[PDB]
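*Asks:* Going down the list, the protein sequences come from chains B and B'. A prime marks a further copy of an entry chain.
Residue numbers for the first sequence follow the authors' numbering, beginning at 3 and rising by one.
Residue numbers for the second sequence follow the authors' numbering, beginning at 3 and rising by one.
Think of the CB as a built atom: it goes at the ideal place given N, C-alpha and C, for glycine as much as any other residue.
Protein chains: 2
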Amino acid sequence: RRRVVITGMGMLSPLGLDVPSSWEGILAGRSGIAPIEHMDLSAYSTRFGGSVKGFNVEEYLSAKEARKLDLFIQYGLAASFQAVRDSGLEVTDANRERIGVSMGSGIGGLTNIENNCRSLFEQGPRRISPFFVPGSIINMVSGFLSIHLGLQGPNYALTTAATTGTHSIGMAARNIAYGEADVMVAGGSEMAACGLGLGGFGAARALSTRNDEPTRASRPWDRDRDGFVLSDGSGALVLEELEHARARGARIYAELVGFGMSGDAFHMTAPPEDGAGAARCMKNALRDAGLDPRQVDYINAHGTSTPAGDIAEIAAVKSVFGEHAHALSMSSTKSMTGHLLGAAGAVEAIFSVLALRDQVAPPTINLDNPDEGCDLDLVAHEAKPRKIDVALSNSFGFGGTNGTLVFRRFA
Amino acid sequence: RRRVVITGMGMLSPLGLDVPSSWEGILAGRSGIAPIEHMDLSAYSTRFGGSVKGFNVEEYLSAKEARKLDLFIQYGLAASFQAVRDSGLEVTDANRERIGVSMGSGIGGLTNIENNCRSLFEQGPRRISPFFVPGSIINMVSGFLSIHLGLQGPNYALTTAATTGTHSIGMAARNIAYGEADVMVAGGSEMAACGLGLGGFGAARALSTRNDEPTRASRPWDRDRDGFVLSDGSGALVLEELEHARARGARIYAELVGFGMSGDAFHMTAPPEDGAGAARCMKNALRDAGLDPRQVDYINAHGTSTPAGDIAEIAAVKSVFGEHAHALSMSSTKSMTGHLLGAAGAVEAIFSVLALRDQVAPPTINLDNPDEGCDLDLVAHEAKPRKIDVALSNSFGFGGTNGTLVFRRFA
Ligand SMILES: C[C@@H](C(=O)NC[C@](C)(O)CNC(=O)c1cc[nH]n1)n1cccc1
Ligand SMILES: C[C@@H](C(=O)NC[C@](C)(O)CNC(=O)c1cc[nH]n1)n1cccc1
């Protein structure tokens with residue numbers, strides 16, 4: 003198997019329109035959560051979220067190209083283009099077949115679908131845009147990126163709910179490790195802040211309803227947590243075979259050493275109380291990386307601020323790590339970003355890599371009163387400078403689908 | 003790399019509610035295309051499609067479980083359960099972590115989304131089902147199958163438009179080949195026969211409008227073709243490591259020897275006139291299988307009945323195969339099934355395997371007047387008994403995303 007490194011990153015989040023601005027917000031403990039301004043939520047039990055603020059798609063695409071595309075595609079292209087520029091890669095005839103893309107989404111073009119349903123029910127099907135299908139389907143981040151950059155390698159898209167971004171990165175790394183590509187652009191994007199997203203997750207009783215204090219709503223492992231916060235944005239990494247990166251003199255951020263997957267086979271929406279599937283997933287990723295649990299310094303948790311999910315993640319970590327569970331640091335950056343759904347794993351992979359670059363564990367904000375059994379170093383309130391050699395990133399989604407990535411400082 | 007075999011298959015199609023009934027229809031040249039009965043299409047320019055007829059979800063799930071699930075999930079579970087039963091596999095504690103699932107969809111829960119949008123716009127968000135999100139997202143075929151069967155291996159879902167089923171199978175085979183699982187259930191499902199699907203593809207000018215003769219509408223490579231026919235259903239294969247299959251005495255249908263992927267990097271919806279991306283994809287799959295072009299006997303074409311797509315596929319086949327393009331047989335079973343979208347590749351993989359089992363090339367019906375350059379053996383009108391050692395199945399989707407599978411008779 004060939005070695006895989008991160009040579010470029012890109013991001014839109016509720017904390018900023020790029021990686022450096024987002025990361026500054028993470029290290030300062032800033033919330034990106036606010037009352038939603040783009041629609042009237044007076045009828046909904048949740049009125050707040052993590053929006054992308056002041057995005058200008060015209061930095062990335064012509065107005066012509068942009069009007070064809072759902073927001074989730076615009077977001078994923080923005081992250082993708084930032085990552086590719088950050089990488090310094092030049093696409094040529096000699097490499098274009100060796101560069102692919104894997105950008106996914108959990109829910110995809112839900113805003114576009116809702117707007118076209120309005121036109122459909124009001125006026126019938128003659129109002130539907132000719133770009134409705136290609137502008138709304140999940141694989142069109144991969145599709146549009148490949149067209150705009152001339153990328154002819156593996157072209158595909160994952161959709162594994164909250165695990166999408168984690169699985170997108172891990173399977174892209176697998177493509178490189180086994181020789182099917184030299185470079186992959188991988189990550190996820192999401193914009194599900196529409197009536198169907200807020201209403202759908204509200205009907206499932208999944209969302210925090212703390213409308214009076216939006217910045218306090220996302221509180222992973224806190225005893226007064228009451229559901230996740232819905233957030234929008236995107237993350238993309240340029241993954242590259244090590245020798246390919248070395249030959250062109252690329253800046254390497256970190257090594258992607260391990261990827262694990264598992265299924266709980268338990269319940270559509272609830273995890274097993276012991277987090278046994280998350281445990282098997284973490285162990286699979288450590289095994290894949292050739293690492294003992296004791297070499298892990300930082301975990302970027304799934305940590306969504308749900309009652310059952312957060313405690314099941316602690317139980318999984320205690321099972322995998324044992325006494326070393328009390329030496330590592332684990333935090334949820336969802337405390338600040340909210341839950342970006344299919345992009346969560348992509349942005350959290352970026353935070354894990356930056357934790358490696360900067361030797362700092364990002365905080366879990368809002369962790370006022372840790373719940374029963376939440377007795378690990380959860381980095382409550384303030385960022386923590388420390389030694390980080392190995393950083394792990396977890397995502398667990400609906401259907402019991404689990405993914406873990408393992409990043410290492412490179413040498 | 004370990005060897006991968008097909009030990010089980012399952013299907014819903016416009017030709018029948020299982021594999022044997024569907025295959026009987028294929029070999030007889032029967033169309034599954036008819037005026038749609040389940041909604042009023044008087045306002046739409048296309049009023050016909052490939053529906054699933056007389057499906058009883060209660061053969062597979064309780065009424066309780068079924069009411070939570072979009073039709074595309076019901077379809078994918080039905081195919082999946084048929085495939086698993088067909089395989090004879092017994093799931094135990096010793097193997098459950100080694101059995102995963104990869105069932106995708108191009109469009110996913112579009113019917114559910116449209117019905118919930120009606121409730122939303124009429125009555126506000128209190129009408130939205132609590133099962134709306136878990137019952138509508140694409141990864142819930144994989145999710146529900148894993149829960150119902152206790153499968154704890156890799157759990158994920160592809161969404162690559164018309165390539166979904168092809169990519170789902172090929173990446174599941176990759177998981178087995180490189181030791182991440184012993185068994186995978188892989189395929190795709192689709193039910194996009196709603197106002198948004200028919201209206202969306204109609205707005206894109208993608209659909210045949212031959213409402214006067216629905217059974218003649220799908221006519222791949224015919225000079226009077228005018229777009230594809232939208233169809234519903236599902237296909238699932240049980241993929242298994244060879245030694246695992248041999249040890250339990252499984253019936254092996256065929257070997258999955260090759261998988262190729264490529265991106266055109268050309269256009270969101272149009273292929274390059276020379277089919278250069280499809281050419282690279284086929285070559286990648288043959289290279290992967292260790293096969294010369296001359297060993298290919300049967301191609302199950304993408305062959306959707308579009309002007310540009312069908313001729314670009316011929317040009318790709320002539321480029322890859324050369325003079326051997328005139329010795330192989332190539333047909334589109336979309337002539338009879340229509341275009342099942344994200345399930346197309348799954349059902350077509352099953353037809354390719356059965357072409358191997360039965361030594362018969364299925365027909366391209368409706369091929370009355372082959373267009374300029376469509377001078378290969380396209381199996382016009384009637385099934386053709388012949389030697390088939392190697393069968394190839396193509397899918398090409400929006401975004402320029404391409405996949406090819408290569409199946410071989412097993413020994
Ligand atoms: C019960 C709750 C929830 O939090 N579910 C979590 C989920 C989606 O199953 C994913 N798994 C984990 O978080 C996890 C943690 C350790 N092992 N698995 N809910 C959400 C929506 C409706 C109810
Ligand atoms: C132009 C036409 C169409 O048929 N497009 C085909 C597509 C979706 O690009 C996939 N590629 C191939 O069929 C192919 C064949 C050989 N190489 N690629 N259309 C569809 C919807 C709107 C217009």
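Could you give the distance in angstroms between the alpha-carbon of residue 123/B and the alpha-carbon of residue 120/B'?
*Replies:* When rounded, the distance between both Cα atoms is 8 angstroms.
*Asks:* Please report whether the beta-carbon of residue 159/B lies at a distance below 7 angstroms from any beta-carbon of chain B'.
*Replies:* It does; some Cβ of chain B' falls within 7 angstroms.
*Asks:* From the beta carbon of residue 23/B', is the nearest beta carbon of chain B less than 7 angstroms away?
*Replies:* Residue 23/B' does not count as touching chain B.
*Asks:* When you compare the CB of residue 240/B with every CB in chain B', is at least one pair closer than 7 angstroms?
*Replies:* Chain B' contact via Cβ: absent.
*Asks:* Taking 6 angstroms as the line, does the beta carbon of residue 269/B fall inside it for any heavy atom of ligand 2?
*Replies:* No.
*Asks:* Residues in its own chain within less than 8 angstroms of residue 327/B' by CB, not counting five upstream and five downstream?
*Replies:* Hits under 8 angstroms: 319, 320 and 378.
*Asks:* Would you mind reading off the limits of the beta strand (DSSP E) that contains residue 37/B'?
*Replies:* Here the beta strand (DSSP E) through residue 37/B' covers 35 to 37.
*Asks:* Taking DSSP as the reference, what is the three-state secondary structure of residue 268/B?
*Replies:* Residue state, collapsed to three classes: coil.
*Asks:* Just the Cα atoms here: how many angstroms apart are residue 52/B' and residue 196/B'?
*Replies:* Each residue's alpha carbon lies about 12 angstroms from the other.
*Asks:* Which residues of chain B have a Cβ atom closer than 8 angstroms to the Cβ of residue 198/B', listed in chain order?
*Replies:* The contacting residues are 115, 118, 119, 122, 130 and 134.
*Asks:* My guess is that residue 365/B' and residue 31/B' are in contact by the Cβ rule of under 8 angstroms, so how many angstroms apart are they, rounded?
*Replies:* So it is a contact: roughly 5 angstroms between Cβ atoms.
*Asks:* Looking at the strands, I want to know which residues DSSP matches up with residue 224/B.
*Replies:* BP columns for residue 224/B point to 372/B.
*Asks:* Measure from the C-beta of residue 403/B to each C-beta in chain B' and report whether the shortest distance is under 7 angstroms.
*Replies:* Yes, residue 403/B lies at the interface with chain B' (some Cβ there is under 7 angstroms from its Cβ).
*Asks:* Shortest alpha-carbon distance to residue 193/B' belongs to which of 92/B', 237/B' and 227/B'?
*Replies:* Answer by Cα proximity: 237/B'.
*Asks:* Going by the C-beta, is residue 304/B closer than 6 angstroms to any heavy atom of ligand 1?
*Replies:* Yes; taking the cut-off as 6 angstroms, the Cβ of residue 304/B has a heavy atom of ligand 1 nearer than that.
*Asks:* If we cut at 7 angstroms on Cβ distances, does residue 368/B have a partner in chain B'?
*Replies:* So, not an interface residue.
*Asks:* Would you kindly work out how many angstroms separate the C-alpha atoms of residue 25/B and residue 302/B, rounded to a whole number?
*Replies:* Between residue 25/B and residue 302/B, the C-alpha separation is close to 14 angstroms.
*Asks:* When DSSP labels each residue in this structure, what does residue 156/B' get in the three-state scheme?
*Replies:* If DSSP states are grouped into helix, strand and coil, residue 156/B' belongs with coil.
*Asks:* Okay, do the segment 285 to 302 of chain B' and the segment 251 to 268 of chain B' touch, 3+ Cβ pairs below 8 angstroms being the bar?
*Replies:* The segment 285 to 302 of chain B' is in contact with the segment 251 to 268 of chain B'.
*Asks:* Please tell me whether, using a cut-off of 6 angstroms, the distance from the CB of residue 350/B' to the nearest non-hydrogen atom of ligand 1 is below it.
*Replies:* Residue 350/B' Cβ: outside cutoff for every heavy atom of ligand 1.
*Asks:* Between 172/B', 361/B' and 222/B', which has its C-alpha nearest residue 316/B''s C-alpha?
*Replies:* Ranking the options by Cα distance to residue 316/B', first place goes to 222/B'.
*Asks:* For the segment 261 to 287 of chain B', which residues have a CB atom closer than 8 angstroms to at least one CB atom of chain B, in sequence order?
*Replies:* Listed by position, the residues of the segment 261 to 287 of chain B' near chain B (Cβ gap below 8 angstroms) are 263, 264, 265, 266, 267, 268, 269, 270, 271, 279 and 282.
*Asks:* If I measure Cβ to Cβ from residue 153/B and keep anything under 7 angstroms in the same chain, skipping five residues before and after, which residues do I get?
*Replies:* Within the same chain, residue 153/B has close Cβ partners 93, 98, 101, 102, 103 and 147.
*Asks:* Rounded to the nearest angstrom, what separates residue 248/B' and residue 412/B' at their Cα positions?
*Replies:* Spanning the two alpha carbons is a distance of roughly 12 angstroms.
*Asks:* First and last residue of the alpha helix (DSSP H) that includes residue 204/B?
*Replies:* Looking at the DSSP string, the run of the alpha helix (DSSP H) that includes residue 204/B is 197 to 205.
*Asks:* Using DSSP with H/G/I as helix, E/B as strand and the rest coil, what is residue 146/B'?
*Replies:* Three-state DSSP puts residue 146/B' in a helix.
*Asks:* Between residue 141/B' and chain B, is there a C-beta pair that is closer than 7 angstroms?
*Replies:* Chain B contact via Cβ: present.
*Asks:* Residues of chain B with CB closer than 7 angstroms to the CB of residue 1/B', please, in chain order.
*Replies:* The structure shown does not extend to residue 1/B', since chain B' spans only 3 to 413, so no value can be given for it.
*Asks:* Examine chain B for any beta-carbon lying closer than 7 angstroms to the beta-carbon of residue 149/B', and answer yes or no.
*Replies:* Residue 149/B' counts as touching chain B.
*Asks:* Would you report the Cα separation of residue 173/B and residue 4/B', rounded to the nearest angstrom?
*Replies:* Each residue's alpha carbon lies about 19 angstroms from the other.
*Asks:* Mind checking if residue 76/B is an interface residue toward chain B', Cβ cutoff 7 angstroms exclusive?
*Replies:* Judged by the 7 angstroms Cβ criterion, residue 76/B is not in contact with chain B'.
*Asks:* Take the Cβ of residue 69/B as the centre, count every other Cβ of all protein chains shown within 10 Å, and call the residue buried at 16 or more, exposed below.
*Replies:* By the neighbour-count rule (16 or more Cβ atoms within 10 Å), residue 69/B is not buried but exposed.
*Asks:* At the level of alpha carbons, what is the spacing between residue 114/B and residue 138/B?
*Replies:* Straight-line Cα distance between these residues: approximately 6 angstroms.
*Asks:* How many angstroms separate the CA atom of residue 36/B' from the CA atom of residue 77/B'?
*Replies:* Looking at the two C-alpha atoms, the distance is approximately 19 angstroms.
*Asks:* State the DSSP-derived secondary structure class of residue 170/B', mapped to helix, strand or coil.
*Replies:* Three-state DSSP puts residue 170/B' in a helix.
*Asks:* Please go through the same chain and pick out, in chain order, the residues whose beta-carbon is closer than 6 angstroms to the beta-carbon of residue 116/B, but skip the five residues on each side of it.
*Replies:* 196 and 198, listed in sequence order.
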